[PDB]
């Protein structure tokens, strides 16, 4: 029940961060301010969903954690972002996996990044 409060502290901090700034290296960040803010909000929404789960459940199951992840990412239309921005969203959501102790996204994150892209390529 102590781990429960820690994860929540991680999520609260994570929720308040800008996840789409330039990393100094090869990622430049989301330039459209309206879009970046809109994206941080979507991330904040998923973070807040996980918090609600841990508040109602001492030890959430892998399946529970995975559904919150899957529902959080499905809220973002991949056809509205460029490749670099989509990759940053995936990296950002990978951090959730580490936080909640979930090993995999069951291929959900890759399908999100390259799904519509490969579909349009084959079309």
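Residue numbers count along the first chain shown, from 1.
Participant: Going by the mean C-alpha B-factor recorded in the entry, which is higher: 35 to 43 or 62 to 70?
Facilitator: Averaged over C-alpha atoms, the B-factors run higher in 35 to 43.
Participant: Output the stretch having the higher mean C-alpha B factor in the entry; the candidates are 21 to 29 and 110 to 118.
Facilitator: That would be 21 to 29.
Participant: Give the position of residue 95 by CA B-factor within its chain, expressed as the lowest, middle or highest third.
Facilitator: Lowest third of the chain for residue 95's C-alpha B-factor.
Participant: So where's residue 105 on the chain's Cα temperature factor ranking, which third?
Facilitator: For residue 105, the deposited C-alpha B-factor lands in the lowest third.
Participant: Divide the modelled residues of the chain into thirds by Cα B-factor and specify which third, lowest, middle or highest, holds residue 89.
Facilitator: Lowest third, going by the recorded CA B-factors of the chain.
Participant: Relative to the other modelled residues of the same chain, rank the CA B-factor of residue 81 and answer lowest, middle or highest third.
Facilitator: According to the entry, residue 81 has a C-alpha B-factor in the chain's highest third.
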